[PDB]
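Participant: how does the following fold in three dimensions:
(one chain, ligands or ions: 3)
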Amino acid sequence: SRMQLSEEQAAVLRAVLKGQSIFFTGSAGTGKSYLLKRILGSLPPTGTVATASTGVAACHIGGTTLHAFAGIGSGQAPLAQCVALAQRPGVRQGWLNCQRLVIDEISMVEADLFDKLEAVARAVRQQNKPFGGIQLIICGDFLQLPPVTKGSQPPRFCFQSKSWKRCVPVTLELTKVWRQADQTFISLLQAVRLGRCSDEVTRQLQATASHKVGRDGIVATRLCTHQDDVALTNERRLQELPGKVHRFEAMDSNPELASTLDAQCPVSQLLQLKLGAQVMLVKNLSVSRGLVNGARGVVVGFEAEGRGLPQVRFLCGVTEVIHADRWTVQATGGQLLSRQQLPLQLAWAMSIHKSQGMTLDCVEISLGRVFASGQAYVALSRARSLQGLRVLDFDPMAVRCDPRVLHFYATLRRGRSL
Ligand SMILES: Nc1ncnc2c1ncn2[C@@H]1O[C@H](COP(=O)(O)OP(=O)(O)O)[C@@H](O)[C@H]1O
Ligand code: ALF
Ligand SMILES: [Mg+2]
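Facilitator: Numbering: from 1, shown residues only. Ligands and ions are numbered 1, 2, ... in the order given. Please find the structure below.
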């Protein structure tokens, strides 16, 4: 009972199916992610792999991080070390077989990584050809969130790679903001992508202080930039609770690798919950009842048997007793690692890093500061609801755009239709 595809959305699929290594791109909430799900529905599913930048925005479209797939850790070391690792039992085949590769949020891949892959691709598989032959279906938003700075100098976007133009000949554009309803909020947020604050932008978003966004016993609360802010916030907000502490330690195929799980995963070693605690759903469960990836709920009890499993009411409204599930990661080695743990993370505080790839309903964000170019746009363009959104301490030097990029979406603009 699925909805209609845009004439554009459709044309991408038509093009991908033929068998073209295409890339696609457009604003926050224009069905980049979703189109991938319907492409993954249409693609012969043997040797067809799916991936993303963030370990979360994969648990979202049911793949793994480009990292864990490729099996070369950080990609720091040279072309000869990197092909050592790809050659290893497990990874070797992972490669040989992939006929089709899909990557969401390409923004947070940094070109020297892309390049170091392309080479390794041609390497193990032995094709004398672009990316070892493999059909690249990519997407992301460049003006959204850019790659994590390794050292000090500026980190280097993916479109700036030398392989990039050689590996993804074609590029096409998505154009309508399906996410957000209200047409003011469409231009309001189309502005901030391009990096403009004239005073109605600034007035309206300032307006939202007096908004009270927090809904049914449940807040999709603050989007901080820094991760230690996030985890710390909650460590208080949960202490600030009368009930007793229910501990949930995991059960990993390897104990001593837990850290690799930790950072590639979406869950903690030790997750701790009391009554009334707020939480989020990190894997999909039942897309019918609507326990999807990114559910906002509140801990309404535990049972007194089993492992005392949590009970949760959600925003979508339906109530389910949560069991533990199982994640696996191709841990640079050719070992697959397991973890058994609840698919819940404490949903008071969430980094802007995590929130990219996702949609939201019920958000807060402080903007009395300056933020890394893009970092502003992202956290705003999460919310569906302009009414159920609250900005704090707004400041127009928050709104920053990298112009290397703006000129990338000018060079494309200036040889096209409108
Ligand atoms: N063809 C469509 N028409 C209307 N809404 C759509 C369509 N495809 C997806 N959506 C909705 O639009 C929103 C944005 O999708 P998403 O894939 O998260 O975009 P992006 O990856 O650009 O952030 C989702 O809430 C989804 O429900
Ligand atoms: F472009 Al997105 F969530 F993938 F806004
Ligand atoms: Mg997405």
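Participant: can you give me the neighbour number for residue 228?
Facilitator: Burial of residue 228, expressed as a neighbour count using other CB atoms under 10 Å, amounts to 9. Quick note: C-beta positions are derived from backbone N, CA and C, even for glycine.
Participant: quickly find the element holding it.
Facilitator: Per DSSP states H and E, residue 228 falls inside helix 227-239.
Participant: now that helix: buried residues?
Facilitator: For helix 227-239, burial by neighbour count (16 or more other CB atoms under 10 Å) applies to 230, 233, 234, 238.
Participant: now the end-to-end length of stretch 67-82.
Facilitator: By CA to CA, to the nearest Å, the extent of stretch 67-82 from end to end equals 12 Å.
Participant: distance from the chain centre to that stretch, please.
Facilitator: Between the centre of stretch 67-82 and the centre of its chain there are 21 Å (CA atoms, centre = their mean, to the nearest Å).
Participant: quick one: secondary structure of residue 223?
Facilitator: When classified by DSSP: H, G, I helix; E, B strand; the rest coil, residue 223 comes out as strand.
Participant: that one contacts residue 379, doesn't it?
Facilitator: Yes: if you go by CB atoms under 8 Å, residue 223 and residue 379 touch, sitting 4.2 Å apart.
Participant: which of the buried residues of helix 227-239 come close to ligand 1?
Facilitator: Among the buried residues of helix 227-239, no residue sits close to ligand 1 (CB under 6 Å from any ligand atom).
Participant: before we move on, the earlier item: tell me what the helix holding residue 228 is packed against?
Facilitator: If you count contacts as 3 or more CB pairs under 8 Å, 6 or more residues apart in numbering; DSSP states H and E, helix 227-239 packs onto strand 350-351.
Participant: elements contacting the strand it packs on?
Facilitator: Counting contacts by 3+ CB pairs under 8 Å, 6+ apart, strand 350-351 is packed against strand 223-224, helix 227-239.
Participant: neighbouring contacts of the longest one?
Facilitator: Helix 227-239 is contacted from outside by 222, 224, 272-274, 277-278, 346, 348-351, 353, using CB atoms under 8 Å, 6 or more residues apart in numbering.
Participant: related to what we said a few turns ago, overlap in contacts, residue 223 and residue 379.
Facilitator: Common neighbours of residue 223 and residue 379 (criterion: CB under 8 Å, 6+ apart): 352, 355, 363, 365.
Participant: residue contacts, residue 206?
Facilitator: Per CB under 8 Å, 6+ apart, neighbours of residue 206: 391, 394.
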